[PDB]
Amino acid sequence: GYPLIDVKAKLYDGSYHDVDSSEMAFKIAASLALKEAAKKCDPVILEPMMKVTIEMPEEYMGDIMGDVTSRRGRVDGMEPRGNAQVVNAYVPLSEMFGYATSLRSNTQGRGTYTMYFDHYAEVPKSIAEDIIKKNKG
Amino acid sequence: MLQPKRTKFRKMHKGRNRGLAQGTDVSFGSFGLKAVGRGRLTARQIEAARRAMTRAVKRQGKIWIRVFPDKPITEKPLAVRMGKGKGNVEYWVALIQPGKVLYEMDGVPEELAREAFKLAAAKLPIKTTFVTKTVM
Amino acid sequence: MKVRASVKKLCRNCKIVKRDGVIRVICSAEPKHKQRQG
Amino acid sequence: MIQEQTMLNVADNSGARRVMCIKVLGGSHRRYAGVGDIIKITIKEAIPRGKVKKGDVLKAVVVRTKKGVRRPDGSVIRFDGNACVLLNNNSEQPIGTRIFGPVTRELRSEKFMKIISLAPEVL
RNA sequence: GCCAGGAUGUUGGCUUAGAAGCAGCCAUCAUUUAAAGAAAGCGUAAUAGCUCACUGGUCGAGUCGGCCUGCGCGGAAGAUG
RNA sequence: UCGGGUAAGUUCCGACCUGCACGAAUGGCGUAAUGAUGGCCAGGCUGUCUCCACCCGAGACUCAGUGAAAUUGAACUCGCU
RNA sequence: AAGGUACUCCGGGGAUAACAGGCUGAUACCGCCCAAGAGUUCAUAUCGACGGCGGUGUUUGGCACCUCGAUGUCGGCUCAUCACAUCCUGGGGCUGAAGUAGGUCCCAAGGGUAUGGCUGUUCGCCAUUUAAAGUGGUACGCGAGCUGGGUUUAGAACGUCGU
Ligand SMILES: [K+]
Ligand SMILES: [K+]
Ligand SMILES: [K+]
Ligand SMILES: [K+]
Ligand SMILES: [K+]
Ligand SMILES: [K+]
Ligand SMILES: [K+]
Ligand SMILES: [K+]
Ligand SMILES: [K+]
Ligand SMILES: [K+]
Ligand SMILES: [K+]
Ligand SMILES: [K+]
Ligand SMILES: [K+]
Ligand SMILES: [K+]
Ligand SMILES: [Mg+2]
Ligand SMILES: [Mg+2]
Ligand SMILES: [Mg+2]
Ligand SMILES: [Mg+2]
Ligand SMILES: [Mg+2]
Ligand SMILES: [Mg+2]
Ligand SMILES: [Mg+2]
Ligand SMILES: [Mg+2]
Ligand SMILES: [Mg+2]
Ligand SMILES: [Mg+2]
Ligand SMILES: [Mg+2]
Ligand SMILES: [Mg+2]
Ligand SMILES: [Mg+2]
Ligand SMILES: [Mg+2]
Ligand SMILES: [Mg+2]
Ligand SMILES: [Mg+2]
Ligand SMILES: [Mg+2]
Ligand SMILES: [Mg+2]
Ligand SMILES: [Mg+2]
Ligand SMILES: [Mg+2]
Ligand SMILES: [Mg+2]
Ligand SMILES: [Mg+2]
Ligand SMILES: [Mg+2]
Ligand SMILES: [Mg+2]
Ligand SMILES: [Mg+2]
Ligand SMILES: [Mg+2]
Ligand SMILES: [Mg+2]
Ligand SMILES: [Mg+2]
Ligand SMILES: [Mg+2]
Ligand SMILES: [Mg+2]
Ligand SMILES: [Mg+2]
Ligand SMILES: [Mg+2]
Ligand SMILES: [Mg+2]
Ligand SMILES: [Zn+2]
């Protein structure tokens, strides 16, 4: 029940009956096509990923990176901005929930971060399975 | 799980497991795991031990299983009385006597083989020993 | 303290000692490696 | 001497008129609550448009008993009815703003100092 | 036991956000040597650091690990005493 | 299952229909009145209970008189493991 | 030459079932061995696949040894007593133990260890307590101590089955 995104549809062939040809009929036909596509195109769930920019003293760098790699996140890289190393990373939005408290816990309240949506990535199969179950009921 | 593809008869008498084994030499590889005790090796046990040793050698060399579970073992369902005919076949076993080479291995160092056989032996209900192929 | 039937060395610093008829694994590097046979 | 099932009157303006004790708090197999003891109550009768409604499970402090209180000289003070003052389940502070009828010096604590101030008489 | 050294192309390369003996995968080397693993451990984002093996010195006689086998040890909690 | 009643209701009351396996004189569905009839609720009332205390009588106990019964292989008829 | 009997009856059997005991321990419950993995990294803080070895008598069972010239059977009440595989309180190791609070294991049986709603219930769910509301054995402890709601006589009805 989630909007399908990042899919191309190519109308290569079709048919019509002058008498029974109605735009509404073609709209229904299109829907049926998408349905059968799902049965064969392996639809997967995607999760919103956020680019996280964390600035902290180098002393707490290891902990920050560990937290990211624990929250199904990947470190995109790091940079020694000023006296506080800046770490760039992409982490699922759902995972990022509660990062503020943990960040401050790990950085002794000397850590700051900014998160902005980057891309949509496939949800882990296990997590995805749960999402389907939840949406189903 | 090894099991006969077809059999002449479905069920077999209990029988006994006396005597010494035939096939007491490493005949296909360089190293072997030999049974020193007497008992029944089930197919599941044979599989578990194989999977263990295969992982240990990390898909290097060759492994020969010298034992096949050809004997059908029956059991009665629970809450059923005695008689009313022999029970149904539940699993397949191999009768083992002292001296039987169970597994052989080649294409690995002895140290790896000794380790791999140790891992497999832990999955086996009988006491075992490491053996090497001899000239005669 | 790990109380097990199978007690053994888990490192190079782990040591097996018998005290008052009990096999024990004392370690100077890791407290997790401390074991008692029982 | 209040126990489970005992019906009490309300000595405040929370809206409750009749409450029933459903638990004597503060120990295993504790039988009774006297003046100054906190009980768990359910509201049996309430007035329309009050602070509390019928069926509510909250706390109360007992402030008057027919059994009464003993004083250190051997004296006794008894009342004609069992009366309680409703408290918040969490804060255990009075829900009402006014106290009706006399109370006793047994409520002279930091917890129940509001009741003493609002009380028309302390005996 | 004790006193020292324990390296150089080189962070082997690839991959890896980073991977430098010590993530993984390929390699798999040569050099100075008394000897030093393209690393057996601890440790680090990665490095470092901390070792070790190896080796040299010291010390001054045995020492080390398999095999077979006898007797013991742990594994081993229950209801009236 | 939903709703009501309770702080909390496998019972009760009102619905729903998915009637394992209602149904029309081996009657169907209602029905005022009636019932030592079945279920459920409330007020009053209370030793029913929290938790029992005291008291008055009849026994029980002691003395005198009278005087049974079931049962019973024999007994010098303890605990524990 | 077919059935019914809870309206029943007689002779017998513990030669043969139901209850409890016994033997057994498949099953059950408890513990251990191996360690693929999970645990950001890291088998073994916690956990643990595939397999393996035990313990208890403790569930469902197997057997038919005791009792059929009778061994009263569920639940409650009253009153208990033992085990320890410990629920609380005491001591301690490890921890993925900052503190607070926990996890896990070891030692420990001295004492302690809810009231209610519903139901015959044990139980369970629910309300509200408590330091905690332990788990088992004791003829599933206890009817020559109580109860008689459950359950299994004779009355009656429904659904169902049967002419
Ligand atoms: K008729
Ligand atoms: K009629
Ligand atoms: K009636
Ligand atoms: K007949
Ligand atoms: K065990
Ligand atoms: K670890
Ligand atoms: K009998
Ligand atoms: K008991
Ligand atoms: K602890
Ligand atoms: K105790
Ligand atoms: K019995
Ligand atoms: K009874
Ligand atoms: K008796
Ligand atoms: K009696
Ligand atoms: Mg022994
Ligand atoms: Mg004893
Ligand atoms: Mg309801
Ligand atoms: Mg009732
Ligand atoms: Mg109804
Ligand atoms: Mg009918
Ligand atoms: Mg008709
Ligand atoms: Mg008719
Ligand atoms: Mg009708
Ligand atoms: Mg007399
Ligand atoms: Mg005796
Ligand atoms: Mg008879
Ligand atoms: Mg018999
Ligand atoms: Mg007999
Ligand atoms: Mg029996
Ligand atoms: Mg397993
Ligand atoms: Mg049995
Ligand atoms: Mg027989
Ligand atoms: Mg008997
Ligand atoms: Mg007799
Ligand atoms: Mg113990
Ligand atoms: Mg005791
Ligand atoms: Mg004792
Ligand atoms: Mg003492
Ligand atoms: Mg209850
Ligand atoms: Mg009993
Ligand atoms: Mg009991
Ligand atoms: Mg009686
Ligand atoms: Mg009795
Ligand atoms: Mg009855
Ligand atoms: Mg009848
Ligand atoms: Mg009919
Ligand atoms: Mg008929
Ligand atoms: Zn260690």
Side-chain angles (χ1 to χ4, degrees), chain A residues 56 58-80 85 87-90 95 105 108 126, chain B residues 1 39 41-56 75-83 87 90 118-129, chain C residues 1-8 10-14 18 20-24 26-38, chain D residues 1-6 19-32 38-44 54-59 89:
Chain A
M56 82 303 294
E58 57 178 359
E59 50 183 299
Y60 318 105
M61 226 196 311
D63 308 302
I64 269 43
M65 281 173 280
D67 190 296
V68 169
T69 192
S70 300
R71 295 196 179 190
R72 302 190 297 109
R74 61 170 187 291
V75 180
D76 178 56
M78 65 184 59
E79 44 187 358
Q85 309 294 298
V87 178
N88 314 299
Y90 305 96
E95 291 285 357
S105 294
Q108 296 188 54
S126 60
Chain B
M1 250 193 296
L41 289 182
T42 71
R44 291 180 174 290
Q45 291 164 0
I46 294 168
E47 178 65 6
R50 186 202 59 66
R51 293 170 178 177
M53 67 179 69
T54 302
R55 185 189 304 116
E75 305 187 306
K76 275 189 168 296
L78 187 59
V80 316
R81 297 179 164 170
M82 301 295 98
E90 302 297 301
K118 181 178 179 180
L119 293 178
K123 315 291 179 179
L124 294 184
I126 62 177
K127 190 56 183 176
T128 56
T129 188
Chain C
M1 179 69 74
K2 294 174 168 57
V3 180
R4 296 173 172 177
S6 177
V7 290
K8 58 188 60 179
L10 306 180
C11 69
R12 65 179 184 179
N13 302 299
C14 320
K18 187 179 181 183
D20 195 3
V22 175
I23 304 297
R24 311 186 175 255
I26 62 174
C27 178
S28 56
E30 182 60 62
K32 286 190 178 197
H33 290 165
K34 184 164 44 170
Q35 305 159 64
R36 173 190 86 202
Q37 198 171 54
Chain D
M1 200 163 160
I2 313 306
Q3 61 182 250
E4 298 179 5
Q5 302 303 302
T6 300
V19 306
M20 194 182 75
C21 170
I22 63 174
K23 193 67 58 181
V24 176
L25 302 175
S28 183
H29 300 92
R30 185 170 183 173
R31 290 189 180 71
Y32 316 109
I38 301 182
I39 58 178
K40 198 86 178 202
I41 52 89
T42 177
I43 302 177
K44 288 300 185 187
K54 174 184 172 182
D56 292 357
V57 186
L58 57 148
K59 284 174 183 181
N89 229 356

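The figures that follow rest on heavy atoms only: side chains count, while hydrogens, waters and symmetry mates do not. Just so we're on the same page: letters track the sequence lines, and every chain starts at 1.
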*Pairwise 5' ranking along RNA chain E for C:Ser6 and A:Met61, keeping only the more 5' one*: A:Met61
*asked:* For the P atoms, the ones on F:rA8 and on F:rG3, what distance do you get once it is rounded to whole angstrom?
replied: 14 Å
*asked:* Heavy-atom nearest nucleotide on RNA chain F for D:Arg31 versus D:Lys23: which residue maps closer to 5'?
replied: D:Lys23
*asked:* What I'd like to find out is whether the side chain of D:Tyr32 reaches to under 4.5 Å of the side chain of D:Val24, using heavy atoms alone.
replied: no
*Report yes if the base rings of F:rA53 and F:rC54 sit with centres under 5.5 Å apart and an interplanar angle under 30°; otherwise report no.*
yes
*How is D:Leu25 classified with respect to the nucleic acid when contacts are heavy atoms under 4.0 Å: base, sugar-phosphate, or nothing?*
sugar-phosphate
*asked:* Classify D:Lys59 by what it touches in the nucleic acid, base, sugar-phosphate, or nothing, heavy-atom distance under 4.0 Å.
replied: nothing
*Report which part of the nucleic acid B:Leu119 touches: base, sugar-phosphate, or nothing (heavy-atom distance under 4.0 Å, all strands).*
sugar-phosphate
*Describe the nucleic acid contact of C:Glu30 in one word from base, sugar-phosphate, nothing, applying a heavy-atom distance below 4.0 Å.*
sugar-phosphate
*Under a 4.0 Å N-O cut-off, is there an ion pair linking B:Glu47 with B:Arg44?*
no
_What's the gap between G:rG57 and G:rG48 when it is taken at their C1' atoms, as a whole Å value?_
29 Å
*Which value, in whole Å, describes the distance between the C1' atoms of nucleotides G:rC105 and G:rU44?*
13 Å
*With heavy atoms under 4.0 Å as the rule, sort B:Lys118 into base, sugar-phosphate or nothing.*
nothing
*Quick one: label D:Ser28 by what it contacts on the DNA or RNA (base, sugar-phosphate, nothing), any heavy atom closer than 4.0 Å.*
base
_For the P atoms, the ones on E:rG57 and on E:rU28, what distance do you get once it is rounded to whole angstrom?_
36 Å
*asked:* Can you tell me which nucleotide in E:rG41, G:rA35, G:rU60 comes closest to the side chain of B:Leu78?
replied: G:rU60
*Validation row: D:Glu4, D:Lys23 side chains within 4.5 angstrom (heavy atoms)*: yes
_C1' gap between G:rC146 and G:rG72, integer Å_ = 15 Å
*Can you find a donor-acceptor N/O pair under 3.5 angstrom joining the side chain of C:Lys18 to the base of E:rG74?*
no
*May I ask you to verify if any side-chain N or O of D:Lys40 is less than 4.0 angstrom from the OP1 or OP2 atom of G:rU115?*
no
*For B:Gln45, answer base if it contacts any base atom (sugar-phosphate contacts may also be present), sugar-phosphate if it contacts only those atoms, and nothing otherwise; contact means non-hydrogen atoms under 4.0 Å.*
sugar-phosphate
*Can a donor-acceptor pair under 3.5 Å be found between the side-chain atoms of B:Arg44 and the base atoms of G:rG51?*
no
*Which part of the nucleic acid does B:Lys127 contact within heavy-atom distance under 4.0 Å: base, sugar-phosphate only, or nothing?*
nothing
*Distance, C1' atom - from G:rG91 to G:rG141, rounded to whole angstrom*: 35 Å
*Tell me whether G:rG48 and G:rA49 stack, counting them as stacked only when the base ring centres are under 5.5 Å apart and the planes differ by under 30°.*
no
*Within less than 4.0 Å of OP1 or OP2 of G:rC106, is there a side-chain N or O belonging to C:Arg36?*
no
*If every non-hydrogen atom of D:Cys21 is compared with every non-hydrogen atom of D:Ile41, which pair is closest and at what distance?*
CA-CG2, 3.7 Å
*How would you label the contact of D:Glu4 with the nucleic acid (heavy atoms, under 4.0 Å): base, sugar-phosphate, or nothing?*
sugar-phosphate
*Closer than 4.0 Å, any side-chain N/O of D:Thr42 to the OP1 or OP2 of F:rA7?*
yes
*What about C:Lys32, does its side chain sit under 3.5 Å from the base of G:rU44 through a donor-acceptor pair?*
no
*C:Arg4 near the nucleic acid: base, sugar-phosphate alone, or nothing, with a heavy-atom cut-off under 4.0 Å?*
base
*Which part of the nucleic acid, if any, lies within reach of D:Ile22 when heavy atoms closer than 4.0 Å are counted: base, sugar-phosphate only, or nothing?*
base
*So what's F:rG9 doing, north or south, if we go by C1'-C2'-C3'-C4' (plus is north, minus is south)?*
south
*If only side-chain N and O atoms of D:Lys44 are considered, is one of them under 4.0 Å from the OP1 or OP2 phosphate oxygen of F:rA7?*
yes
_Going strictly by the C1'-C2'-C3'-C4' torsion (positive north, negative south), how would you label G:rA35?_
south
*Can you tell me the Watson-Crick or wobble partner of E:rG37, both distances under 3.5 angstrom?*
E:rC52
*May I ask which nucleotide in the shown strands pairs with G:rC53, Watson-Crick or G-U wobble, both distances under 3.5 Å?*
G:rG31
_Say we look at E:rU10 and E:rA48: how far apart would their P atoms be, to the nearest angstrom?_
15 Å
*Quick one: does B:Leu124's side chain get under 4.5 Å of B:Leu41's, heavy atoms only?*
yes
*asked:* When both hydrogen-bonding distances must be under 3.5 Å and the geometry is Watson-Crick or G-U wobble, what is E:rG24 paired with, if anything?
replied: E:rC14
*For D:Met1, answer base if it contacts any base atom (sugar-phosphate contacts may also be present), sugar-phosphate if it contacts only those atoms, and nothing otherwise; contact means non-hydrogen atoms under 4.0 Å.*
base
*asked:* For the sugar ring of F:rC16, does the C1'-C2'-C3'-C4' torsion put it in the north or the south range?
replied: north
*Report which part of the nucleic acid C:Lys34 touches: base, sugar-phosphate, or nothing (heavy-atom distance under 4.0 Å, all strands).*
sugar-phosphate
*Describe the nucleic acid contact of B:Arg51 in one word from base, sugar-phosphate, nothing, applying a heavy-atom distance below 4.0 Å.*
sugar-phosphate
_Stacking of G:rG148 on G:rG149, centroid gap under 5.5 Å, tilt under 30°_ = no
*Could you tell me if G:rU115 and G:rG116 pass the stacking criterion of ring centres under 5.5 Å and planes under 30°?*
yes
*Close side-chain approach of C:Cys11 to C:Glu30, heavy-atom, < 4.5 Å*: no
_I'd like to check C:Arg36 versus C:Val22 (side-chain heavy atoms, cut-off strictly below 4.5 Å). Are they in contact?_
yes
_Give me the distance, rounded to whole Å, that separates G:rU58 from G:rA108 when you measure between the P atoms they each carry._
23 Å
*asked:* I want to know if F:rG67 and F:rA68 are stacked - that is, whether their six-membered base rings have centres under 5.5 Å apart and planes under 30 degrees.
replied: no
*With north meaning a positive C1'-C2'-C3'-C4' (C3'-endo side) and south a negative one (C2'-endo side), sort G:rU160 into one of the two.*
north
*asked:* Within the 4.5 Å heavy-atom criterion, are D:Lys40 and D:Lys59 side-chain neighbours or not?
replied: yes
*Return no unless some side-chain N or O of B:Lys123 is found under 4.0 Å from OP1 or OP2 of G:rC34.*
no
*Does G:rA83 have a Watson-Crick or wobble mate here (both distances under 3.5 Å), and if so which one?*
G:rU135
*Test item: side-chain donor near acceptor, A:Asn88 and A:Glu79, under 3.5 Å*: yes
*Using purine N1 to pyrimidine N3 plus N6-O4 or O6-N4 for Watson-Crick, or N1-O2 and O6-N3 for G-U wobble, both under 3.5 Å, which nucleotide pairs with E:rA30?*
E:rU8
*asked:* Whether B:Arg55 contacts G:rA36 is assessed here as follows: a side-chain N or O lying under 4.0 Å from the phosphate OP1 or OP2. Is that the case?
replied: no
